[PDB]
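Chemist: Below are the structure tokens for one structure; questions will follow.
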Amino acid sequence: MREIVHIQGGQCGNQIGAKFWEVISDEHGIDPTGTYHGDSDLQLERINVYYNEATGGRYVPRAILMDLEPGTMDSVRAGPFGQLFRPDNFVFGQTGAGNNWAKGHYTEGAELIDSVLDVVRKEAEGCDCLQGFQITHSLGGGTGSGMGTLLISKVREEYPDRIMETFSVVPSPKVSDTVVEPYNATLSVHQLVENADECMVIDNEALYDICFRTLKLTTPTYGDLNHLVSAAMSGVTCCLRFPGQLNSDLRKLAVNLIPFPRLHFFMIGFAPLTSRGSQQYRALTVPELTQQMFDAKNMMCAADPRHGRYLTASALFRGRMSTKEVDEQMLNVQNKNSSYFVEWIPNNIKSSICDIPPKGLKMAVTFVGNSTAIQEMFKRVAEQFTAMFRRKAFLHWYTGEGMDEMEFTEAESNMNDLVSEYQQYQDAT
Amino acid sequence: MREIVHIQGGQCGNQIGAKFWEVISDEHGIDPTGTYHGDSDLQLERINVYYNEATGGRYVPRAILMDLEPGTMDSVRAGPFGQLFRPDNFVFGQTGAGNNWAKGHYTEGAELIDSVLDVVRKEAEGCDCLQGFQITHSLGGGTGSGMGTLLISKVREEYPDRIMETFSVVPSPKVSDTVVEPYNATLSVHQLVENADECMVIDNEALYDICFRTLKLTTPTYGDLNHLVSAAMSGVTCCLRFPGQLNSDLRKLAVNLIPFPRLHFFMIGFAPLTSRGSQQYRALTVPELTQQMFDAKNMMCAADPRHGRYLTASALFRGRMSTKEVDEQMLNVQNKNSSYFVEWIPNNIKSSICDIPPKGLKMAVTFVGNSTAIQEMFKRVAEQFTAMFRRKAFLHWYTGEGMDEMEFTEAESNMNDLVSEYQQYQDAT
Amino acid sequence: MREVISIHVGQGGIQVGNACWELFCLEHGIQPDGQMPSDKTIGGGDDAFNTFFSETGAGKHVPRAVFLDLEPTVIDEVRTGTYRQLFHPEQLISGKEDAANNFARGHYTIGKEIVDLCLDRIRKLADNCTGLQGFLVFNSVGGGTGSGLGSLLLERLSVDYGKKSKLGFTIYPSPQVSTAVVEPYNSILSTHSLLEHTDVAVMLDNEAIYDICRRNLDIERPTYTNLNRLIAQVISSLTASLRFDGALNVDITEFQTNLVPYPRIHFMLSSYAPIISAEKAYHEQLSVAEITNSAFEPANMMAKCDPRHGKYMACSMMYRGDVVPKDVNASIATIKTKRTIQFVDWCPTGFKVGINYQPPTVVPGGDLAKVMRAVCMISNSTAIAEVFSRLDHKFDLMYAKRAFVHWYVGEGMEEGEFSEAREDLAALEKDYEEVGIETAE
Ligand SMILES: [Mg+2]
């Protein structure tokens, strides 16, 4: 039915989806136990395309657990809504990748892929007209990417018609949570540029910036952050989940978002984002949220539209309004800062609306535009990879996995090729 | 059909016409809703020459709203009979003239004339044989005159055959409601001496004098005053609206009133004017109302017939009487005070009668004579203009509009020229 | 459609602002949180609160005004006070370390620190607004940012929009009562940088507030509560036209080059009345003539500069409540009648009536009694130059002794700013000197 599935690895991402399904449960108001306690059939109408009824009305996720060590499995296993799960999917590891990506990709990569792809495949038979599935990990290591690389390869072959919308955490330029990041990252991204269908960037520092400045929060954790992102990743299917006077699916999205298949790394904007007092400063209009939409500070990725140029831009609106406003602000904005709008893409802004906003708010905005400002991102990470690969720093942890360096060259001149590729598209008219 | 239109600006005048159409509605006894509830077809016979039937019998005015700030538009928009209007004509401003006449004449003058003259023109096509139209503002500022100057120029060119009978408020010699009055006034009057077809003087202090002495009223407002004046301005078209054994229209009037086109500033007298007890002192005769007709205290203008000389004099009678009386009092009076009758104008008094008086009364009188006593009026206002123009007092508000002073000289030696012009005509035989 | 917005600076200044928005919110009676007690019916004909109280999608109606000052303690009291539901966080911008009453500090030194935040807020509101006529800016030559930082504020805000009106409420150094001694420096350094960035503004002095509240309000022992209440009334009525039906709903821009005929000497007095007690509310009648004749009592003059020593130029006696055009009108004849008064004769009359039909509303806990009619005598004369002259003579000597100058020179101002600004009051002394000259012949 255009239903989809979720698969998460990732040192964080395993938590991320926990929050995610948590949020969707709220938007479906079904008890933690797994039965519905809401007030409209509309939550039940399209419930299946994420959930699954069970005998007795156990309502369940179409999620897939990735992990190389059960702790997360216990963690979310210790999770509220944990009784809303299926024990089947608790597919984890006994070792951990140690985030040498070769470890999580050959060593443990080849070790535990099979049981996953089997049960996942059983989910594939459980899906009537599968629009797709949602993968989640991080692009700097192996706790997610280790195996998730193998996932994208295997299912991608196994389902060359299905959509692969991939969110994985990008290392911020400043803070290096690990120094093996350039290598895991580069080795992964070689794969992901080939095999993944959609990708959107996952920085932490942006999420900090949001929580601290625009959220005006002092205490950052993951969980709030995954609230902030699963807000958007939860919004994305809204029309696909719920009616909309102007609907567009991921196929309409990506096909209406990408000129050439190498450009499915997208940046993200969601809003509104206030602290409590703000409403008693300000109110909500479509033009208002628009005035956030093109905010670099909501630009939750390491790329700057202020520095790069919008190759593409789009808006995901959930609520009840007048599109006569919506479009009007659209075109207005597409003029107002025309210069950061790429040229030969006429009407490079594109529209949407969901008859219902997310719960709690009256109107919704989402922006997954695609400039080319990410070039500094790849340039950076490739740069650090370059330096220590001059040094071969921690190659020994690496070659101990029994990869070659020439692969590193492959993702290397590879990833540079993708960058310059974005250069010419940005530098053209 | 000799139908006509109304156009009002003016800090007051916008209210004035509100009262006016209000009064005419009473004389047509049509509901506020816009359908007729009266008792003779005669109200319907000539109804069109002010009103307009609508599909379903919405009966509507041929009025034109001038304003530079919607408050009045809301005001009368909040008006009883407000449902008797057409929403189309609510043509106002977003700024206000601030009564610097250049502001309302160039700045906002040029800003909003277009939408007016368009829709007005649509009214021009709505008029079969348009006798004319009635403008209203004040001659001391810009809230009316600001744009109304442009109106008289534009429509005057646009309709060089139509009558332009212009009433605008004259600043009384004593009370200066603003000190920029000489300048707005002079700049306007330069225009009005050239472009306007009829004018009658609109003092406030006279209206006070009427309400307080001869009305014997203590509480003056505008609204009563506009009752007192829209009484007359409402009488003027009576024959034109209703049969009359001795009829005369504005063309017969002005052509039968003016020797030379520079003399269409006329003074006004209407009556009877009593408080309630008076009828139990006195009764109504043509000779009686005649005995009010030549009353300086009904001389509602800053000019004194007691000081000046009747260049012209006329009587507007609505009722049912014997003209054998009427004329007899006419000639009698034209003798009785012959000295204030200019000489070489034989029978400088002229006659009229409408088969019906206004509602509520049995006989009607109106006097729009024209002496030349106004010379003190222009002499005064020109004098104050002279003083502060020696000082250039508030020139900076003025030249900030980007006019020249030489224009001020133009209306200056201009207006003096008109005064002395009236001097020679008064001083001649 | 018809917007204005208020800006607040200096200790006394934002004190004034607090009193004001307390007031207006009282007067439209919208509860302090941001809701009205009841639903609002849909109607037309004129605006309402919408000028200043900000519509939400619910009972949240915040002012359209902004706080800015570098002495952030007291403003927090608003940040704490009952109206902490009223106001809005981004409505609040303060500095930590204020000027220390260095004009040159919060104007120069700390002048650099918060400006951009201010302008962004301004853009948010004016962008939020449509027919914003002009700018309500409040500050003080005492709470030092009230001079310095405000000086930059208009200095740039004017250059931002320009076409808006400058509504200037700031306090002036009381003639013999004071707050400090660098006040000369604050004031005049403000003034030469004030004038050409100011459209028009009035000068409120306190000692009048004292003397008059104590006699006319029958006040025994007043403070900024009473003062801020009083200015609260005066501003409460100076803008009613855009808020309430009146016969001649005159406007600010209307006031501008008509009250202040020339460009230069564009300030004025303002003696509001009728301020009386509950025991004088009774035992009295409070005629239009009483407010009117009373309106020109030099002893009623709400800024300590003798009108009788000056010659009036304009008087915009905007009136609240049951006013009669005639009655006031003849009172204005009575004002022409006053032999002691003398007018810039080249402006023989420059009068401009204001008859707004709502009589005044009273603030509970206040000292003013309730009436039926209000007057605001925004009038401009020759008189006010003198106290200026005191300011430039006092400052003249003190500056001659180089007193305190190290403080300012330490923060990035030059001496020619001082002597030249004294040339500034020189010129304005030539202005009140000249415009008061009667044009020859
Ligand atoms: Mg301070």
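Residue numbering restarts at 1 for every chain of the structure tokens, chains are lettered A, B, ... in their displayed order, and ligands are numbered from 1 as they appear.
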Please report, as an NGL selection string, each residue of range 254-365 of chain B to which DSSP assigns helix (DSSP H, G or I) when run on this structure's backbone.

Modeler: :B and (254-255 or 261-263 or 276-280 or 286-293 or 323-336 or 338-340)

Chemist: Those residues you just picked out, can you put them in a file as a short mmCIF file (atom, residue, chain, number, x, y, z; two decimals), in the first residue's frame with N, CA, C and O atoms?

Modeler:
```
data_model
loop_
_atom_site.label_atom_id
_atom_site.label_comp_id
_atom_site.auth_asym_id
_atom_site.auth_seq_id
_atom_site.Cartn_x
_atom_site.Cartn_y
_atom_site.Cartn_z
N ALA B 254 -27.79 79.06 -12.45
CA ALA B 254 -26.49 79.69 -12.48
C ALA B 254 -26.45 80.66 -13.62
O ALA B 254 -26.01 81.81 -13.48
N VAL B 255 -27.00 80.24 -14.75
CA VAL B 255 -27.07 81.12 -15.87
C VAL B 255 -27.97 82.27 -15.53
O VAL B 255 -27.73 83.39 -15.96
N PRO B 261 -18.45 84.33 -15.16
CA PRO B 261 -18.15 83.03 -14.52
C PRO B 261 -17.33 83.03 -13.23
O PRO B 261 -17.29 82.02 -12.53
N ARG B 262 -16.69 84.14 -12.87
CA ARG B 262 -15.89 84.21 -11.66
C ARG B 262 -16.71 84.41 -10.40
O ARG B 262 -16.14 84.71 -9.36
N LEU B 263 -18.03 84.30 -10.47
CA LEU B 263 -18.87 84.75 -9.37
C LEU B 263 -19.72 83.62 -8.81
O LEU B 263 -20.80 83.83 -8.27
N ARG B 276 -39.20 74.77 19.35
CA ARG B 276 -40.51 74.16 19.35
C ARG B 276 -41.60 75.15 19.70
O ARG B 276 -42.67 75.17 19.08
N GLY B 277 -41.33 76.03 20.65
CA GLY B 277 -42.35 76.95 21.11
C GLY B 277 -42.77 77.96 20.07
O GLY B 277 -43.82 78.58 20.22
N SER B 278 -41.98 78.11 19.01
CA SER B 278 -42.10 79.29 18.17
C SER B 278 -43.41 79.32 17.41
O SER B 278 -44.08 80.36 17.38
N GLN B 279 -43.79 78.18 16.85
CA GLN B 279 -45.08 78.00 16.21
C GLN B 279 -46.25 78.47 17.05
O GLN B 279 -47.27 78.88 16.49
N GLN B 280 -46.13 78.42 18.36
CA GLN B 280 -47.17 78.93 19.24
C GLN B 280 -46.94 80.38 19.58
O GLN B 280 -47.71 80.96 20.33
N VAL B 286 -45.77 83.16 3.32
CA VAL B 286 -44.80 83.52 2.31
C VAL B 286 -44.19 84.85 2.72
O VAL B 286 -42.96 84.95 2.78
N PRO B 287 -44.98 85.88 3.03
CA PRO B 287 -44.36 87.14 3.49
C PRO B 287 -43.52 86.96 4.73
O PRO B 287 -42.51 87.64 4.91
N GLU B 288 -43.89 86.01 5.58
CA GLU B 288 -43.12 85.76 6.79
C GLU B 288 -41.74 85.25 6.44
O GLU B 288 -40.73 85.90 6.71
N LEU B 289 -41.71 84.10 5.79
CA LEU B 289 -40.45 83.49 5.41
C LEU B 289 -39.64 84.45 4.57
O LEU B 289 -38.41 84.47 4.65
N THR B 290 -40.32 85.29 3.80
CA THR B 290 -39.66 86.37 3.12
C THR B 290 -38.96 87.25 4.13
O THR B 290 -37.78 87.58 3.98
N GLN B 291 -39.66 87.54 5.21
CA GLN B 291 -39.10 88.37 6.25
C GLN B 291 -37.95 87.68 6.95
O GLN B 291 -37.21 88.33 7.69
N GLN B 292 -37.79 86.38 6.76
CA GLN B 292 -36.52 85.79 7.15
C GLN B 292 -35.51 85.80 6.03
O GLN B 292 -34.31 85.80 6.30
N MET B 293 -35.98 85.85 4.79
CA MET B 293 -35.12 85.54 3.66
C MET B 293 -33.96 86.50 3.59
O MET B 293 -32.82 86.11 3.32
N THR B 323 -48.52 82.20 -5.93
CA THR B 323 -47.40 82.98 -6.41
C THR B 323 -47.75 84.43 -6.49
O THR B 323 -46.86 85.27 -6.34
N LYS B 324 -49.02 84.73 -6.70
CA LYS B 324 -49.50 86.10 -6.58
C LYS B 324 -49.04 86.74 -5.29
O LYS B 324 -48.79 87.95 -5.24
N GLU B 325 -48.89 85.96 -4.24
CA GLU B 325 -48.25 86.50 -3.07
C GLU B 325 -46.78 86.62 -3.35
O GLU B 325 -46.19 87.70 -3.19
N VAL B 326 -46.23 85.54 -3.89
CA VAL B 326 -44.79 85.30 -3.86
C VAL B 326 -44.08 86.44 -4.54
O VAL B 326 -43.31 87.19 -3.92
N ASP B 327 -44.39 86.62 -5.81
CA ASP B 327 -43.86 87.73 -6.58
C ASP B 327 -44.06 89.04 -5.84
O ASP B 327 -43.16 89.87 -5.78
N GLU B 328 -45.22 89.20 -5.22
CA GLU B 328 -45.59 90.48 -4.65
C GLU B 328 -44.64 90.84 -3.54
O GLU B 328 -44.12 91.97 -3.45
N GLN B 329 -44.32 89.85 -2.73
CA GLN B 329 -43.32 90.05 -1.71
C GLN B 329 -41.97 90.23 -2.36
O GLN B 329 -41.12 90.96 -1.85
N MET B 330 -41.76 89.56 -3.49
CA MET B 330 -40.48 89.65 -4.16
C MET B 330 -40.18 91.08 -4.52
O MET B 330 -39.24 91.70 -4.01
N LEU B 331 -41.02 91.64 -5.37
CA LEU B 331 -40.82 92.99 -5.84
C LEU B 331 -40.85 93.94 -4.68
O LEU B 331 -40.02 94.86 -4.62
N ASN B 332 -41.75 93.69 -3.73
CA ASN B 332 -41.83 94.54 -2.55
C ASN B 332 -40.48 94.62 -1.89
O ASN B 332 -39.98 95.71 -1.57
N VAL B 333 -39.82 93.49 -1.77
CA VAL B 333 -38.57 93.48 -1.06
C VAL B 333 -37.50 94.08 -1.94
O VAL B 333 -36.59 94.77 -1.46
N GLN B 334 -37.61 93.87 -3.25
CA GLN B 334 -36.58 94.40 -4.12
C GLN B 334 -36.60 95.91 -4.11
O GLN B 334 -35.60 96.56 -4.43
N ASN B 335 -37.72 96.49 -3.71
CA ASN B 335 -37.74 97.91 -3.47
C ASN B 335 -37.23 98.23 -2.09
O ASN B 335 -36.27 98.99 -1.96
N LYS B 336 -37.82 97.59 -1.09
CA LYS B 336 -37.73 97.97 0.32
C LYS B 336 -36.30 98.24 0.76
O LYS B 336 -36.06 99.09 1.61
N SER B 338 -33.66 98.67 -1.60
CA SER B 338 -33.12 98.78 -2.94
C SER B 338 -31.61 98.97 -2.92
O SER B 338 -30.89 98.40 -3.75
N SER B 339 -31.12 99.71 -1.93
CA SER B 339 -29.72 100.09 -1.89
C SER B 339 -28.79 98.91 -1.86
O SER B 339 -27.74 98.95 -2.51
N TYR B 340 -29.14 97.84 -1.18
CA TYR B 340 -28.32 96.65 -1.19
C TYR B 340 -28.59 95.80 -2.41
O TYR B 340 -27.96 94.76 -2.58
#
```

Chemist: Name the residues, by chain letter and number, that sit within 7 Å of ligand 1 using only C-alpha atoms and all ligand atoms, and give them as a list in words.

Modeler: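 Counting only what the definition allows, namely only C-alpha atoms and all ligand atoms, the set is residues 9, 10, 11, 69, 70, 71, 98, 99, 143, 144, 145 and 146 of chain C.
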
Chemist: Report, in Å to a single decimal, how far apart CA of residue 62 in chain B and CA of residue 35 in chain B are.

Modeler: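 A separation of 15.8 Å between them.
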
Chemist: As a list in words, please: all residues of range 100-233 of chain C that backbone DSSP puts in strand (DSSP E).

Modeler: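 Of range 100-233 of chain C, only residues 132, 133, 134, 135, 136, 137, 138, 139, 140, 165, 166, 167, 168, 169, 170, 171, 200, 201, 202, 203 and 204 of chain C fall in strand (DSSP E).
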
Chemist: Can you tell me how far CA of residue 397 in chain B sits from CA of residue 240 in chain C, in Å to one decimal?

Modeler: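 Atom-to-atom, CA of residue 397 in chain B to CA of residue 240 in chain C, that is 23.2 Å.
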
Chemist: If we count only C-alpha atoms, which residues of chain C reach to within 8 Å of chain A? Please list them as a PyMOL selection string.

Modeler: chain C and resi 34+56-57+60-62+85-91

Chemist: If we count only C-alpha atoms, what is near residue 357 in chain C at a cut-off of 12 Å, once residues fewer than 6 positions away on the same chain are taken out, given as a ChimeraX atom specification?

Modeler: /B:221 /C:237,240-241,243-249,318-325,372-375

Chemist: Write out as a VMD selection string which residues come within 7 Å of range 124-133 of chain A when counting only C-alpha atoms, dropping same-chain ones fewer than 2 positions away.

Modeler: chain A and resid 1 to 6 120 to 122 135 162 to 164

Chemist: Which residues are close to residue 103 in chain C, i.e. within 9 Å by only C-alpha atoms, leaving aside same-chain residues fewer than 5 positions away? Reply as a PDB file with N, CA, C and O atoms, in the first residue's frame.

Modeler:
```
ATOM      1  N   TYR C 108      28.639  55.077  22.397  1.00  0.00           N
ATOM      2  CA  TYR C 108      29.836  54.747  21.644  1.00  0.00           C
ATOM      3  C   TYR C 108      30.296  53.366  21.998  1.00  0.00           C
ATOM      4  O   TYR C 108      30.434  52.471  21.165  1.00  0.00           O
ATOM      5  N   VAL C 141      17.450  61.609  29.664  1.00  0.00           N
ATOM      6  CA  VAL C 141      18.821  62.080  29.820  1.00  0.00           C
ATOM      7  C   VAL C 141      19.466  61.631  31.143  1.00  0.00           C
ATOM      8  O   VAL C 141      20.610  62.023  31.413  1.00  0.00           O
ATOM      9  N   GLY C 144      21.471  56.270  31.736  1.00  0.00           N
ATOM     10  CA  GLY C 144      22.325  56.924  30.754  1.00  0.00           C
ATOM     11  C   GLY C 144      22.155  56.453  29.338  1.00  0.00           C
ATOM     12  O   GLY C 144      22.309  57.234  28.388  1.00  0.00           O
ATOM     13  N   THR C 145      21.830  55.184  29.175  1.00  0.00           N
ATOM     14  CA  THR C 145      21.522  54.669  27.853  1.00  0.00           C
ATOM     15  C   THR C 145      20.393  55.467  27.230  1.00  0.00           C
ATOM     16  O   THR C 145      20.373  55.694  26.013  1.00  0.00           O
ATOM     17  N   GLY C 146      19.488  55.965  28.079  1.00  0.00           N
ATOM     18  CA  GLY C 146      18.422  56.835  27.624  1.00  0.00           C
ATOM     19  C   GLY C 146      18.906  58.025  26.829  1.00  0.00           C
ATOM     20  O   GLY C 146      18.163  58.580  26.025  1.00  0.00           O
ATOM     21  N   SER C 147      20.135  58.445  27.038  1.00  0.00           N
ATOM     22  CA  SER C 147      20.678  59.511  26.212  1.00  0.00           C
ATOM     23  C   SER C 147      21.494  58.852  25.107  1.00  0.00           C
ATOM     24  O   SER C 147      21.175  58.987  23.923  1.00  0.00           O
ATOM     25  N   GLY C 148      22.487  58.064  25.485  1.00  0.00           N
ATOM     26  CA  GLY C 148      23.494  57.717  24.502  1.00  0.00           C
ATOM     27  C   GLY C 148      22.946  56.783  23.453  1.00  0.00           C
ATOM     28  O   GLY C 148      22.869  57.078  22.250  1.00  0.00           O
ATOM     29  N   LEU C 149      22.482  55.652  23.946  1.00  0.00           N
ATOM     30  CA  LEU C 149      22.161  54.569  23.042  1.00  0.00           C
ATOM     31  C   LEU C 149      20.924  54.925  22.256  1.00  0.00           C
ATOM     32  O   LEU C 149      20.793  54.563  21.084  1.00  0.00           O
ATOM     33  N   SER C 151      20.435  57.841  21.320  1.00  0.00           N
ATOM     34  CA  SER C 151      20.942  58.800  20.353  1.00  0.00           C
ATOM     35  C   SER C 151      21.369  58.092  19.082  1.00  0.00           C
ATOM     36  O   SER C 151      20.984  58.486  17.970  1.00  0.00           O
ATOM     37  N   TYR C 185      26.439  67.138  30.224  1.00  0.00           N
ATOM     38  CA  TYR C 185      27.113  66.369  29.196  1.00  0.00           C
ATOM     39  C   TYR C 185      26.129  65.465  28.473  1.00  0.00           C
ATOM     40  O   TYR C 185      26.042  65.488  27.236  1.00  0.00           O
ATOM     41  N   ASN C 186      25.348  64.705  29.248  1.00  0.00           N
ATOM     42  CA  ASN C 186      24.323  63.822  28.682  1.00  0.00           C
ATOM     43  C   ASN C 186      23.421  64.577  27.722  1.00  0.00           C
ATOM     44  O   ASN C 186      23.292  64.229  26.543  1.00  0.00           O
ATOM     45  N   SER C 187      22.794  65.618  28.238  1.00  0.00           N
ATOM     46  CA  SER C 187      21.836  66.414  27.502  1.00  0.00           C
ATOM     47  C   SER C 187      22.435  66.960  26.223  1.00  0.00           C
ATOM     48  O   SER C 187      22.013  66.578  25.140  1.00  0.00           O
ATOM     49  N   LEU C 189      25.287  66.763  24.577  1.00  0.00           N
ATOM     50  CA  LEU C 189      25.824  65.757  23.679  1.00  0.00           C
ATOM     51  C   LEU C 189      24.695  65.006  23.005  1.00  0.00           C
ATOM     52  O   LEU C 189      24.806  64.613  21.840  1.00  0.00           O
ATOM     53  N   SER C 190      23.586  64.831  23.712  1.00  0.00           N
ATOM     54  CA  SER C 190      22.415  64.240  23.089  1.00  0.00           C
ATOM     55  C   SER C 190      21.828  65.189  22.058  1.00  0.00           C
ATOM     56  O   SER C 190      21.496  64.790  20.938  1.00  0.00           O
ATOM     57  N   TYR C 408      34.753  60.965  29.482  1.00  0.00           N
ATOM     58  CA  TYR C 408      34.175  60.812  28.161  1.00  0.00           C
ATOM     59  C   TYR C 408      35.251  60.641  27.127  1.00  0.00           C
ATOM     60  O   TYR C 408      35.159  59.758  26.270  1.00  0.00           O
TER      61      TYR C 408
END
```

Chemist: Near residue 172 in chain C, within 7 Å and counting only C-alpha atoms, which residues show up once chain neighbours fewer than 3 positions away are dropped, as a VMD selection string?

Modeler: chain C and resid 141 203 to 205

Chemist: With C-alpha atoms retained, write the just-selected residues as a PDB file, in the first residue's frame.

Modeler:
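Final output, saved to part18.pdb:
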```pdb
ATOM      1  CA  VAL C 141      18.821  62.080  29.820  1.00  0.00           C
ATOM      2  CA  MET C 203      10.088  67.723  27.349  1.00  0.00           C
ATOM      3  CA  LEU C 204       8.661  66.321  30.562  1.00  0.00           C
ATOM      4  CA  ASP C 205      10.114  67.718  33.781  1.00  0.00           C
TER       5      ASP C 205
END
```

Chemist: Can you tell me which residues surround residue 300 in chain A at a distance of at most 7 Å, considering only C-alpha atoms, apart from same-chain residues fewer than 3 positions away, and format the answer as a PDB file with N, CA, C and O atoms, in the first residue's frame?

Modeler:
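In the end it all went to result.pdb:
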```pdb
ATOM      1  N   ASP A 203      23.906  16.143  11.202  1.00  0.00           N
ATOM      2  CA  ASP A 203      24.933  16.718  12.053  1.00  0.00           C
ATOM      3  C   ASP A 203      24.440  16.711  13.488  1.00  0.00           C
ATOM      4  O   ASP A 203      23.238  16.612  13.732  1.00  0.00           O
ATOM      5  N   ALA A 206      24.487  21.149  14.508  1.00  0.00           N
ATOM      6  CA  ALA A 206      23.299  21.875  14.118  1.00  0.00           C
ATOM      7  C   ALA A 206      22.216  21.659  15.143  1.00  0.00           C
ATOM      8  O   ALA A 206      21.535  22.601  15.541  1.00  0.00           O
ATOM      9  N   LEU A 207      22.093  20.435  15.628  1.00  0.00           N
ATOM     10  CA  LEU A 207      21.007  20.125  16.535  1.00  0.00           C
ATOM     11  C   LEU A 207      21.249  20.796  17.864  1.00  0.00           C
ATOM     12  O   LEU A 207      20.322  21.281  18.522  1.00  0.00           O
ATOM     13  N   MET A 267      19.491  18.391   2.604  1.00  0.00           N
ATOM     14  CA  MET A 267      19.449  19.094   3.873  1.00  0.00           C
ATOM     15  C   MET A 267      18.008  19.318   4.288  1.00  0.00           C
ATOM     16  O   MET A 267      17.087  19.152   3.486  1.00  0.00           O
ATOM     17  N   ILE A 268      17.816  19.703   5.538  1.00  0.00           N
ATOM     18  CA  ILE A 268      16.524  19.570   6.181  1.00  0.00           C
ATOM     19  C   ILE A 268      16.229  20.804   7.007  1.00  0.00           C
ATOM     20  O   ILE A 268      17.110  21.418   7.618  1.00  0.00           O
ATOM     21  N   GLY A 269      14.952  21.158   7.023  1.00  0.00           N
ATOM     22  CA  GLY A 269      14.461  22.230   7.857  1.00  0.00           C
ATOM     23  C   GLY A 269      13.077  21.862   8.325  1.00  0.00           C
ATOM     24  O   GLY A 269      12.231  21.426   7.537  1.00  0.00           O
ATOM     25  N   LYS A 297      20.021  28.882  10.104  1.00  0.00           N
ATOM     26  CA  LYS A 297      20.043  28.308  11.434  1.00  0.00           C
ATOM     27  C   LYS A 297      19.126  27.103  11.556  1.00  0.00           C
ATOM     28  O   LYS A 297      19.412  26.207  12.352  1.00  0.00           O
TER      29      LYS A 297
END
```

Chemist: Between C:420, C:196, C:22, C:3, which has the minimum distance to residue 125 in chain C (counting only C-alpha atoms)?

Modeler: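 With only C-alpha atoms as the atom set, the closest residue is C:3.
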